[PDB]
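In structure tokens, one chain follows: the form deposited without the RNA.
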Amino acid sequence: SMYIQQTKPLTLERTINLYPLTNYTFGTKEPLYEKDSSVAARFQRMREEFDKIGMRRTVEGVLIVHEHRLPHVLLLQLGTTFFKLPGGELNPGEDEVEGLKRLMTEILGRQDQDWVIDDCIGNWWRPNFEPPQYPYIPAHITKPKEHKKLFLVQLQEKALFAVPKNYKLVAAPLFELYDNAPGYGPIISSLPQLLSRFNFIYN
């Protein structure tokens, strides 16, 4: 009866399976402390390291679930108001995906689980030892101080995480992130646009 069809290229249509938020639960592991204690000290360390080992390379993972067919991104919350993606700083000679895998495990990994990381979703660059970041390398900037790379991390149907005691794991709908740098910063707030190309299935 039926004819056999191709296969669409995954560049044209990238399909991702999403599962209920209630399929994902977490436990508690030992606290993970911030290396820097202030915004002034954060850019001092960044400056000190740049003179020695060059541009900082950070990688971040975007984990997506659904609740009633609405995509939600998983975020780490430190002390109510500071939201972040799981991820961090690569070591100087470290591969990007392997690095993110190590950092994903450090921050979310159970203690008794392999990460599927096959999609780059965007890049952000920091021209100066200062807050501003851009989804491009700004004109005339030859040595940016940080390169931040974002990846989509696909979840299995069910996952159990272990989260450092000082953090909470939350789930934010794309409509709460959209146009909301005050609440989530310029990177997390633009995930709705960065994620708009994926064809999500709601399982």
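Position 1 is the first residue in the sequence shown; the rest follow in order. Definition used throughout: the rigid core is the maximal C-alpha set that superposes within 1.5 Å between two forms. Only residues modelled in both forms are compared.
- Relative to its counterpart among 29 to 37 and 162 to 170, 29 to 37 has the higher mean temperature factor, C-alpha atoms as listed in the PDB entry.
- Looking at the C-alpha B-factors along this chain, the one for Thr105 belongs to the highest third.
- Placement of the Cα temperature factor of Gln154 within the chain: middle third of the modelled residues, per the deposited record.
- Residue-level temperature factors show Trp125 in the middle third of its chain, judged at the C-alpha atom.
- Among all modelled residues in its chain, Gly88 ranks in the lowest third by Cα B-factor.
- In the deposited entry, the Cα temperature factor of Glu67 sits in the top third of values across the chain's modelled residues.
Omitted from view is the form solved in complex with the RNA, to which the following refers.
- Proximity to the RNA in the deposited bound form, taken as heavy atoms within 4.5 Å, picks out 177 to 185 from the listed stretches 21 to 29, 8 to 16, 191 to 199, 177 to 185.
- Using a 4.5 Å cut-off to the RNA in the deposited bound form, not one of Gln44, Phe50 and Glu89 places a heavy atom inside that distance.
- A heavy atom within 4.5 Å of the RNA in the deposited bound form is found for exactly one of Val39, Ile137, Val170, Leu160: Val39.
- Using a 4.5 Å cutoff between non-hydrogen atoms, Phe83 counts as a contact of the RNA in the deposited bound form.
- Using a 4.5 Å cutoff between non-hydrogen atoms, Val97 does not count as a contact of the RNA in the deposited bound form.
- Contact check for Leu78: a heavy atom falls within 4.5 Å of the RNA in the deposited bound form.
- Segments of 3 or more consecutive residues in which every C-alpha moves by 2 Å or more between this form and the one not shown, counting only residues present in both forms and fitting on the core, reduce to a single one: 79 to 81.
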